[PDB]
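Engineer: Sharing a structure below in structure tokens format, with a few things to ask.
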Amino acid sequence: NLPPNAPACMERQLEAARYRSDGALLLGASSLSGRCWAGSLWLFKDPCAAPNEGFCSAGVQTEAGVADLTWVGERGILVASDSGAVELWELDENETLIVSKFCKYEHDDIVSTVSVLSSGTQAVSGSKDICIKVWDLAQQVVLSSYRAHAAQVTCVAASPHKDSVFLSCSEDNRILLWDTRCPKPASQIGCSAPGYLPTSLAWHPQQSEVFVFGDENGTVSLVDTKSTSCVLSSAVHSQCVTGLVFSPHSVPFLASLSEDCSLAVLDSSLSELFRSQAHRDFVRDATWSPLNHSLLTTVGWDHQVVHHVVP
Amino acid sequence: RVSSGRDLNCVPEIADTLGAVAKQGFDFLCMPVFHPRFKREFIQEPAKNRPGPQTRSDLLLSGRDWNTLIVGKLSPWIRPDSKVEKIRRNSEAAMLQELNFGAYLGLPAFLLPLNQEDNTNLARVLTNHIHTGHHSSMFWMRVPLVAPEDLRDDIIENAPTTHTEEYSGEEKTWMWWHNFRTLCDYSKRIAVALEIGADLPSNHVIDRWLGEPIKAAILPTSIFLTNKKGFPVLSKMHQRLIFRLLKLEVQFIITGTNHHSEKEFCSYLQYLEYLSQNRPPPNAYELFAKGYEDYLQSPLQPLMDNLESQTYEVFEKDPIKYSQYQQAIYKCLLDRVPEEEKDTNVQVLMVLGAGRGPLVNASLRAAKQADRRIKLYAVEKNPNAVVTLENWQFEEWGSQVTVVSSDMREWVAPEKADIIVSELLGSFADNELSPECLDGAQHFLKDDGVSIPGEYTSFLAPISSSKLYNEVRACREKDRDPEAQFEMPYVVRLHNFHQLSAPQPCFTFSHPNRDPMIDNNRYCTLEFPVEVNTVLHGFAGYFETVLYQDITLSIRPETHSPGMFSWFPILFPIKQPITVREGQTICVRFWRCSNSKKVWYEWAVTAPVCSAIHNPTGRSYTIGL
Ligand SMILES: Cc1ncnc2c1ccn2[C@@H]1O[C@@H]2[C@@H](Oc3ccc4cc(Br)c(N)nc4c3)CC[C@]2(O)[C@H]1O
């Protein structure tokens with residue numbers, strides 16, 4: 001049975017997969033081909049019933065596509081839309097509907113990346129318009145707007161525990177460490193060699209001065225913000241590294257998403273432990289189960305919701 | 001009357017989006033033809049075998065809508081010049097796919113960015129698409145005045161923005177365009193879509209775009225200031241550039257989201273319509289020249305060829321020209337015959353090249369003003385024009401005017417003249433052979449006789465115009481030298497060009513020619529200081545003439561006779577464009593050559609670099625004697 005307001009079918013291009021603290025799967029999907037080029041938001045309190053539409057807890061459609069997604073708390077959903085808007089949608093009191101809280105058109109091009117800051121009162125967005133905007137979720141406004149980059153903004157990642165700190169990476173080849181407390185907030189960091197364009201960023205969930213980045217060539221790199229010249233790097237993929245996700249474990253695992261249609265799971269030394277060729281198209285997200293730590297869920301453009309058992 | 005477009009990178013439903021931009025008043029729409037985020041694979045499995053459709057169907061709009069209202073846009077992930085081989089190969093395949101689809105749709109224009117220095121492979125793939133078939137479709141190269149790297153906020157603590165002046169660096173995006181269109185061999189299908197930023201660069205950086213084929217101007221919503229009532233407006237400097245671009249008749253494109261959210265998107269449009277309506281109106285010359293902008297014409301050879309009726313008609317509808325001729329005669333008559341002799345002395349006036357008689361009438365009007373007695377001889381070689389003259393002489397002029405049907409160099413005059421009047425001048429003064437004509441006639445001018453005009457001087461100026469270079473290049477005719485079109489001058493209303501240096505005098509002739517051995521041949525060296533970085537495409541030619549004393553005519557822009565629209569400037573092109581840096585001198589050499597049968601010009605640039613001698617022996621261009 002389909003909930004009220006929920007669309008009859010889901011758009012083929014699965015963009016985001018986000019497990020909530022309780023274990024309920026949040027889905028982001030875009031219609032990238034055919035007549036209508038829009039998107040939708042889905043909730044699966046039963047993650048084993050996704051992508052099947054008639055077996056969801058909540059569903060809604062968005063005006064335009066969904067380039068990026070993020071859980072704002074336990075009821076809020078922050079969306080990066082093709083429209084140029086950063087949208088905030090809120091779960092029903094019964095968690096059966098997904099209602100629009102705000103839709104602000106602040107960016108001049110597609111919004112591709114969103115990360116909510118450690119508190120949950122603020123968020124950062126990155127668009128093809130080369131800008132980075134710091135938002136006030138409560139006030140429904142842009143607090144700050146930064147034109148630090150020279151090409152489109154590929155990834156923005158808020159610090160695990162600092163509301164002033166966040167990472168960014170662009171097609172201008174710069175990885176920028178941000179601190180809103182400094183008069184000049186960004187700082188250019190990374191390895192000595194310029195190399196290949198950065199495409200994905202992932203803060204370490206335990207070491208607050210360590211993160212990982214993926215490049216356009218399939219290389220995953222381990223970076224220390226302090227020593228500001230990388231030591232560890234593994235050519236994990238044959239194509240672009242789309243995303244990097246850390247497992248909830250005390251000694252976390254690193255999931256590697258790619259355009260090569262595969263998923264890899266790496267250790268502390270960036271060594272391969274698992275690999276999944278389950279997808280037949282681009283892998284667009286990864287989300288580790290909060291309930292079963294060894295379970296990892298991925299979505300792709302092949303409309304598959306694969307549940308991996310990670311050893 | 002501004003033709004405008006809406007740039008969108010998000011179109012959920014094509015029909016609703018089209019109707020939306022239509023209601024807002026936009027003439028066309030720039031939109032993706034494939035979803036901007038829909039990255040496609042062509043080599044690697046499994047992503048290669050992705051099920052279709054790859055985009056939205058052509059059936060969604062009528063053929064007419066596609067041909068007229070849609071401007072395609074290349075997908076932002078297509079990076080043909082990427083450092084990653086896999087990306088380079090894939091973007092080549094994706095670029096071809098997108099361009100082929102837009103050609104399939106019959107799109108009038110398609111946009112591609114120049115957002116970096118190296119676009120060699122983007123040029124190789126586009127050029128290849130142009131040479132795959134034969135079509136009219138335009139390619140608008142989306143290029144900004146200021147590169148993003150040069151307009152980024154000074155917020156990177158360890159990587160600061162340069163506060164030093166870099167004259168050449170500030171002109172870096174022009175070089176991107178220059179190199180891209182050089183590689184594509186100046187295809188007439190490749191034009192500029194010039195993106196204007198919030199902060200304008202130095203005027204030199206802007207001027208660097210003069211003479212370039214700008215077909216569209218892209219204005220982001222962000223550059224618009226907010227006025228006291230809350231309406232989007234522009235700075236006085238942004239207005240200056242808008243007015244400049246309005247003259248070039250570009251299509252204005254609005255990009256970005258609505259930042260003046262209280263008002264609608266048509267407020268950005270309304271401002272442009274307001275600016276368009278509040279410019280100086282088309283003055284007598286600008287209204288006349290309309291239509292002839294950068295339109296190349298062969299200069300007339302009225303000696304070798306007999307001019308048509310409607311040509312003399314056009315010559316005639318120039319009041320200022322003949323007003324001045326009248327005044328020059330009126331002045332000469334008073335100087336030649338005093339008030340005491342006002343009834344004893346009858347001045348013998350000879351109009352040499354009388355056409356349909358505007359100078360015969362102007363001489364009569366000059367006499368009925370100076371209150372003096374005149375005898376007229378209206379000499380004309382064109383027997384067709386003579387029919388007009390003899391029907392005029394019978395019905396009006398009477399015995400006062402003697403119509404002579406002869407070549408002025410052959411005519412055996414019964415008596416001598418006090419004044420010989422003529423209008424044998426071309427856009428380059430002596431190009432219609434005024435010197436040779438008047439030398440053959442000066443035997444029948446009294447020993448103290450006057451010539452109106454008495455003196456003429458031509459002027460040259462170096463110009464930059466990629467539009468006019470390409471316009472000439474396209475003048476290739478079968479059954480002749482494939483490079484002949486560059487070895488000939490053109491009468492053109494120069495519009496999209498840049499004058500690289502102040503006009504300097506070239507050739508001077510004086511009548512009567514009191515010289516014992518008359519030589520109309522000339523060799524002249526001109527040194528033109530250039531204070532800009534540029535590309536030399538040719539030389540604009542002009543003239544000035546002394547009819548009598550202070551009574552003159554001029555087409556030299558600094559001294560152009562006001563309201564006089566008879567002569568348009570002349571153009572001497574060069575076969576190969578020449579790069580000129582700031583501070584360098586353009587040295588040109590010009591010769592006026594002749595034999596017994598023909599006259600011509602030869603020319604060559606000798607600095608900063610040499611050109612070949614243009615028109616050796618008059619091989620491509622001669623004027624018949
Ligand atoms: C040897 C000889 N003998 C007798 N007549 C002679 C010749 C050589 C030329 N002509 C005659 O001179 C007349 C010339 O009058 C004009 C009138 C207006 C002009 C406006 C412009 Br713009 C322009 N470029 N040139 C102009 C020329 C051309 C047309 C004309 O009627 C010829 O037949």
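In the structure tokens, the first chain shown is A, the next is B, and so on; residue numbers restart at 1 for each chain, and ligands run from 1 in the order shown.
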With a distance threshold of 7 Å and counting only C-alpha atoms, extract the residues of chain A near chain B and express them as a PyMOL selection string.
Structural biologist: chain A and resi 32-38+64+82-83+105+107-109+147-150+184-188+217+280-282
Engineer: Taking 4 positions as the minimum chain separation for residues in the same chain, which residues sit within 8 Å of residue 165 in chain A when counting only C-alpha atoms? Answer as a list in words.
Structural biologist: residues 158, 159, 177, 178, 179 and 180 of chain A
Engineer: Residues within 9 Å of ligand 1, counting only C-alpha atoms and all ligand atoms: report them as an mmCIF file with N, CA, C and O atoms, in the first residue's frame.
Structural biologist:
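Here's the written file part-v1.cif:
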```cif
data_model
loop_
_atom_site.group_PDB
_atom_site.id
_atom_site.type_symbol
_atom_site.label_atom_id
_atom_site.label_comp_id
_atom_site.auth_asym_id
_atom_site.auth_seq_id
_atom_site.Cartn_x
_atom_site.Cartn_y
_atom_site.Cartn_z
ATOM 1 N N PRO B 299 34.568 48.690 -54.815
ATOM 2 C CA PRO B 299 34.495 50.143 -55.071
ATOM 3 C C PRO B 299 34.092 50.383 -56.525
ATOM 4 O O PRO B 299 34.414 49.574 -57.392
ATOM 5 N N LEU B 300 33.374 51.468 -56.792
ATOM 6 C CA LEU B 300 32.994 51.809 -58.159
ATOM 7 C C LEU B 300 34.226 52.142 -58.994
ATOM 8 O O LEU B 300 35.246 52.617 -58.467
ATOM 9 N N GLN B 301 34.146 51.833 -60.295
ATOM 10 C CA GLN B 301 35.146 52.221 -61.287
ATOM 11 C C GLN B 301 34.345 52.996 -62.357
ATOM 12 O O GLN B 301 33.938 52.424 -63.379
ATOM 13 N N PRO B 302 33.944 54.259 -62.030
ATOM 14 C CA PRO B 302 33.030 54.996 -62.915
ATOM 15 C C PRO B 302 33.641 55.457 -64.210
ATOM 16 O O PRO B 302 32.912 55.912 -65.068
ATOM 17 N N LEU B 303 34.947 55.325 -64.371
ATOM 18 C CA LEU B 303 35.573 55.669 -65.631
ATOM 19 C C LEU B 303 35.441 54.480 -66.630
ATOM 20 O O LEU B 303 34.937 54.674 -67.739
ATOM 21 N N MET B 304 35.880 53.272 -66.209
ATOM 22 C CA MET B 304 35.848 52.010 -66.960
ATOM 23 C C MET B 304 34.392 51.585 -67.251
ATOM 24 O O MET B 304 34.082 51.158 -68.367
ATOM 25 N N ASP B 305 33.511 51.713 -66.239
ATOM 26 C CA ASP B 305 32.089 51.327 -66.319
ATOM 27 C C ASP B 305 31.165 52.555 -66.317
ATOM 28 O O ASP B 305 31.438 53.535 -65.621
ATOM 29 N N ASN B 306 30.028 52.463 -67.022
ATOM 30 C CA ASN B 306 28.991 53.496 -66.988
ATOM 31 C C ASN B 306 28.052 53.203 -65.829
ATOM 32 O O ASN B 306 27.474 52.102 -65.758
ATOM 33 N N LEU B 307 27.899 54.165 -64.904
ATOM 34 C CA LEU B 307 27.029 53.945 -63.742
ATOM 35 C C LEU B 307 25.538 53.890 -64.098
ATOM 36 O O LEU B 307 25.080 54.592 -65.011
ATOM 37 N N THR B 311 22.089 54.805 -59.191
ATOM 38 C CA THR B 311 23.364 55.045 -58.527
ATOM 39 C C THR B 311 23.574 56.543 -58.437
ATOM 40 O O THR B 311 23.818 57.059 -57.355
ATOM 41 N N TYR B 312 23.386 57.254 -59.562
ATOM 42 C CA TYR B 312 23.420 58.707 -59.615
ATOM 43 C C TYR B 312 22.347 59.257 -58.650
ATOM 44 O O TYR B 312 22.640 60.179 -57.900
ATOM 45 N N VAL B 314 21.235 57.915 -55.795
ATOM 46 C CA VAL B 314 21.839 57.802 -54.456
ATOM 47 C C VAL B 314 22.902 58.886 -54.246
ATOM 48 O O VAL B 314 22.881 59.562 -53.216
ATOM 49 N N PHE B 315 23.800 59.087 -55.228
ATOM 50 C CA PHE B 315 24.825 60.129 -55.125
ATOM 51 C C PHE B 315 24.207 61.486 -54.824
ATOM 52 O O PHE B 315 24.767 62.262 -54.047
ATOM 53 N N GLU B 316 23.073 61.779 -55.501
ATOM 54 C CA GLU B 316 22.329 63.036 -55.482
ATOM 55 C C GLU B 316 21.659 63.356 -54.156
ATOM 56 O O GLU B 316 21.530 64.535 -53.818
ATOM 57 N N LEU B 352 33.200 68.834 -65.018
ATOM 58 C CA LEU B 352 33.896 67.697 -65.621
ATOM 59 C C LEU B 352 33.491 66.410 -64.970
ATOM 60 O O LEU B 352 34.037 66.048 -63.936
ATOM 61 N N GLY B 353 32.527 65.729 -65.588
ATOM 62 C CA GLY B 353 31.928 64.504 -65.070
ATOM 63 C C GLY B 353 30.621 64.893 -64.432
ATOM 64 O O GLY B 353 30.462 64.799 -63.214
ATOM 65 N N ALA B 354 29.720 65.429 -65.265
ATOM 66 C CA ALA B 354 28.479 66.068 -64.877
ATOM 67 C C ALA B 354 27.368 65.139 -64.425
ATOM 68 O O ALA B 354 26.395 65.619 -63.833
ATOM 69 N N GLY B 355 27.492 63.845 -64.724
ATOM 70 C CA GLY B 355 26.503 62.836 -64.354
ATOM 71 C C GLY B 355 25.104 63.210 -64.784
ATOM 72 O O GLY B 355 24.870 63.441 -65.968
ATOM 73 N N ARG B 356 24.184 63.331 -63.826
ATOM 74 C CA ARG B 356 22.820 63.789 -64.102
ATOM 75 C C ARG B 356 22.627 65.355 -63.855
ATOM 76 O O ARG B 356 21.497 65.846 -63.826
ATOM 77 N N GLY B 357 23.735 66.078 -63.668
ATOM 78 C CA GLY B 357 23.764 67.537 -63.490
ATOM 79 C C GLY B 357 23.634 68.158 -62.090
ATOM 80 O O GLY B 357 23.230 69.326 -62.006
ATOM 81 N N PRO B 358 23.999 67.480 -60.951
ATOM 82 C CA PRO B 358 23.846 68.146 -59.634
ATOM 83 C C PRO B 358 24.829 69.276 -59.435
ATOM 84 O O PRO B 358 24.490 70.244 -58.781
ATOM 85 N N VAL B 379 30.316 68.457 -69.213
ATOM 86 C CA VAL B 379 31.016 67.342 -69.848
ATOM 87 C C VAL B 379 30.715 66.037 -69.115
ATOM 88 O O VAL B 379 30.790 65.988 -67.888
ATOM 89 N N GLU B 380 30.321 64.994 -69.869
ATOM 90 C CA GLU B 380 29.935 63.692 -69.319
ATOM 91 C C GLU B 380 30.185 62.580 -70.345
ATOM 92 O O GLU B 380 29.720 62.677 -71.497
ATOM 93 N N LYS B 381 30.935 61.533 -69.940
ATOM 94 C CA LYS B 381 31.257 60.449 -70.859
ATOM 95 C C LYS B 381 30.153 59.399 -70.948
ATOM 96 O O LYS B 381 29.966 58.832 -72.014
ATOM 97 N N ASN B 382 29.454 59.122 -69.835
ATOM 98 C CA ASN B 382 28.374 58.126 -69.770
ATOM 99 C C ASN B 382 27.188 58.595 -70.640
ATOM 100 O O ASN B 382 26.411 59.462 -70.213
ATOM 101 N N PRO B 383 27.044 58.042 -71.880
ATOM 102 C CA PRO B 383 25.949 58.492 -72.770
ATOM 103 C C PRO B 383 24.559 58.374 -72.170
ATOM 104 O O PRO B 383 23.663 59.087 -72.584
ATOM 105 N N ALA B 385 23.809 58.895 -68.854
ATOM 106 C CA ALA B 385 23.675 60.060 -67.985
ATOM 107 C C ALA B 385 23.428 61.298 -68.871
ATOM 108 O O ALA B 385 22.570 62.106 -68.529
ATOM 109 N N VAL B 386 24.120 61.390 -70.054
ATOM 110 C CA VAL B 386 23.971 62.477 -71.034
ATOM 111 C C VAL B 386 22.495 62.654 -71.496
ATOM 112 O O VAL B 386 22.061 63.784 -71.717
ATOM 113 N N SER B 405 29.165 65.500 -74.758
ATOM 114 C CA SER B 405 29.198 64.044 -74.611
ATOM 115 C C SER B 405 30.547 63.546 -75.088
ATOM 116 O O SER B 405 30.736 63.253 -76.278
ATOM 117 N N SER B 406 31.516 63.522 -74.152
ATOM 118 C CA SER B 406 32.888 63.162 -74.440
ATOM 119 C C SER B 406 33.631 62.778 -73.186
ATOM 120 O O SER B 406 33.171 63.020 -72.067
ATOM 121 N N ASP B 407 34.793 62.185 -73.386
ATOM 122 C CA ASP B 407 35.769 61.871 -72.358
ATOM 123 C C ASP B 407 36.536 63.211 -72.179
ATOM 124 O O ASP B 407 36.890 63.823 -73.178
ATOM 125 N N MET B 408 36.727 63.696 -70.939
ATOM 126 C CA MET B 408 37.374 65.000 -70.685
ATOM 127 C C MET B 408 38.838 65.088 -71.152
ATOM 128 O O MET B 408 39.361 66.187 -71.337
ATOM 129 N N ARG B 409 39.478 63.931 -71.374
ATOM 130 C CA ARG B 409 40.859 63.846 -71.821
ATOM 131 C C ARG B 409 40.937 63.912 -73.352
ATOM 132 O O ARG B 409 42.024 64.111 -73.919
ATOM 133 N N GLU B 410 39.792 63.732 -74.019
ATOM 134 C CA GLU B 410 39.716 63.702 -75.480
ATOM 135 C C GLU B 410 39.121 64.974 -76.061
ATOM 136 O O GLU B 410 39.427 65.329 -77.204
ATOM 137 N N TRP B 411 38.239 65.634 -75.287
ATOM 138 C CA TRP B 411 37.503 66.821 -75.695
ATOM 139 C C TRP B 411 38.384 67.970 -76.138
ATOM 140 O O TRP B 411 39.370 68.299 -75.472
ATOM 141 N N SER B 422 34.295 69.441 -60.435
ATOM 142 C CA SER B 422 34.162 67.971 -60.608
ATOM 143 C C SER B 422 33.932 67.290 -59.292
ATOM 144 O O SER B 422 34.243 67.856 -58.249
ATOM 145 N N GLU B 423 33.396 66.056 -59.339
ATOM 146 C CA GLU B 423 33.170 65.219 -58.166
ATOM 147 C C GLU B 423 33.659 63.778 -58.520
ATOM 148 O O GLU B 423 32.924 62.788 -58.403
ATOM 149 N N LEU B 424 34.931 63.695 -58.970
ATOM 150 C CA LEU B 424 35.549 62.454 -59.409
ATOM 151 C C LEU B 424 36.176 61.634 -58.271
ATOM 152 O O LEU B 424 36.876 60.639 -58.543
ATOM 153 N N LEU B 425 35.904 62.026 -56.998
ATOM 154 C CA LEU B 425 36.543 61.423 -55.842
ATOM 155 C C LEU B 425 35.878 60.155 -55.306
ATOM 156 O O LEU B 425 34.661 60.094 -55.157
ATOM 157 N N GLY B 426 36.714 59.182 -54.948
ATOM 158 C CA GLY B 426 36.282 57.931 -54.324
ATOM 159 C C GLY B 426 36.483 57.963 -52.816
ATOM 160 O O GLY B 426 36.961 58.955 -52.280
ATOM 161 N N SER B 427 36.194 56.866 -52.133
ATOM 162 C CA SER B 427 36.376 56.777 -50.687
ATOM 163 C C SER B 427 37.818 56.912 -50.252
ATOM 164 O O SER B 427 38.074 57.181 -49.077
ATOM 165 N N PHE B 428 38.763 56.701 -51.189
ATOM 166 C CA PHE B 428 40.192 56.816 -50.920
ATOM 167 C C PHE B 428 40.766 57.970 -51.723
ATOM 168 O O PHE B 428 41.968 58.022 -52.003
ATOM 169 N N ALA B 429 39.873 58.916 -52.059
ATOM 170 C CA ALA B 429 40.081 60.138 -52.829
ATOM 171 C C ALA B 429 40.293 59.857 -54.307
ATOM 172 O O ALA B 429 39.360 59.943 -55.095
ATOM 173 N N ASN B 431 40.939 57.094 -55.903
ATOM 174 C CA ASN B 431 40.750 55.705 -56.329
ATOM 175 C C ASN B 431 39.847 55.552 -57.514
ATOM 176 O O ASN B 431 39.873 54.503 -58.160
ATOM 177 N N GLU B 432 39.038 56.564 -57.810
ATOM 178 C CA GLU B 432 38.208 56.520 -58.989
ATOM 179 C C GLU B 432 38.877 57.231 -60.141
ATOM 180 O O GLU B 432 38.256 57.432 -61.165
ATOM 181 N N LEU B 433 40.190 57.552 -59.980
ATOM 182 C CA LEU B 433 41.120 58.133 -60.955
ATOM 183 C C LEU B 433 40.924 59.640 -61.219
ATOM 184 O O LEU B 433 41.253 60.127 -62.307
ATOM 185 N N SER B 434 40.537 60.397 -60.169
ATOM 186 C CA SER B 434 40.429 61.864 -60.244
ATOM 187 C C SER B 434 41.744 62.539 -60.737
ATOM 188 O O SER B 434 41.658 63.383 -61.616
ATOM 189 N N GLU B 436 44.263 61.465 -62.900
ATOM 190 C CA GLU B 436 44.470 61.216 -64.324
ATOM 191 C C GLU B 436 43.461 61.963 -65.171
ATOM 192 O O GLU B 436 43.827 62.515 -66.206
ATOM 193 N N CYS B 437 42.185 61.979 -64.725
ATOM 194 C CA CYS B 437 41.090 62.657 -65.414
ATOM 195 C C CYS B 437 41.391 64.157 -65.510
ATOM 196 O O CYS B 437 41.471 64.694 -66.611
ATOM 197 N N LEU B 438 41.653 64.804 -64.359
ATOM 198 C CA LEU B 438 41.925 66.232 -64.288
ATOM 199 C C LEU B 438 43.258 66.642 -64.936
ATOM 200 O O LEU B 438 43.375 67.780 -65.393
ATOM 201 N N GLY B 440 44.326 65.361 -67.853
ATOM 202 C CA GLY B 440 43.992 65.351 -69.265
ATOM 203 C C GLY B 440 43.119 66.521 -69.663
ATOM 204 O O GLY B 440 43.008 66.842 -70.842
ATOM 205 N N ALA B 441 42.500 67.163 -68.674
ATOM 206 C CA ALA B 441 41.588 68.274 -68.859
ATOM 207 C C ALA B 441 42.233 69.649 -68.593
ATOM 208 O O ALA B 441 41.743 70.648 -69.118
ATOM 209 N N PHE B 565 26.767 61.611 -46.054
ATOM 210 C CA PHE B 565 26.832 60.154 -46.113
ATOM 211 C C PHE B 565 27.127 59.548 -47.518
ATOM 212 O O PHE B 565 26.745 58.406 -47.766
ATOM 213 N N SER B 566 27.886 60.259 -48.386
ATOM 214 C CA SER B 566 28.194 59.755 -49.729
ATOM 215 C C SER B 566 29.248 58.654 -49.763
ATOM 216 O O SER B 566 29.051 57.651 -50.451
ATOM 217 N N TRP B 567 30.365 58.844 -49.057
ATOM 218 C CA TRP B 567 31.447 57.871 -49.064
ATOM 219 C C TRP B 567 31.539 57.137 -47.771
ATOM 220 O O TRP B 567 31.571 57.753 -46.705
ATOM 221 N N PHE B 568 31.615 55.807 -47.857
ATOM 222 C CA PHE B 568 31.851 54.955 -46.707
ATOM 223 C C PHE B 568 33.357 54.719 -46.692
ATOM 224 O O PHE B 568 33.982 54.856 -47.738
ATOM 225 N N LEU B 625 42.024 52.865 -66.898
ATOM 226 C CA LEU B 625 42.236 54.222 -67.411
ATOM 227 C C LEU B 625 41.496 54.433 -68.746
ATOM 228 O O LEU B 625 41.490 53.509 -69.579
#
```
Engineer: Using only C-alpha atoms, which protein or nucleic acid residues come within 7 Å of residue 91 in chain B? Drop anything in the same chain fewer than 2 positions from it, and give the result as a list in words.
Structural biologist: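 Counting only the stated atoms, we get residues 78, 79, 80, 87, 88, 89, 93, 94 and 95 of chain B.
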Engineer: So that I can see what lies close to residue 166 in chain B, please list as JSON, numbers by chain the residues with an atom at most 12 Å from it, counting only C-alpha atoms and leaving out residues fewer than 5 positions away in the same chain.
Structural biologist: {"B": [150, 171, 172, 201, 202, 204, 205]}
Engineer: Using DSSP secondary structure from the backbone, list all strand (DSSP E or B) positions within range 15-147 of chain A, as a ChimeraX atom specification.
Structural biologist: /A:15-19,25-30,39-44,58-62,66-72,76-81,85-91,98-105,111-116,122-127,132-136,141-146
Engineer: Quick one: pull the distance between CA of residue 243 in chain B and CA of residue 533 in chain B, Å, one decimal.
Structural biologist: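 For CA of residue 243 in chain B relative to CA of residue 533 in chain B, the distance reads 23.6 Å.
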Engineer: Nearest to residue 288 in chain A among A:24, A:191, A:111, A:138, with distances taken over only C-alpha atoms: which residue is it?
Structural biologist: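 Once distances to residue 288 in chain A are computed over only C-alpha atoms, the minimum belongs to A:24.
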Engineer: Enter the distance from CA of residue 192 in chain B to CA of residue 210 in chain B, in Å, rounded to one decimal.
Structural biologist: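 Separation of CA of residue 192 in chain B and CA of residue 210 in chain B: 11.5 Å.
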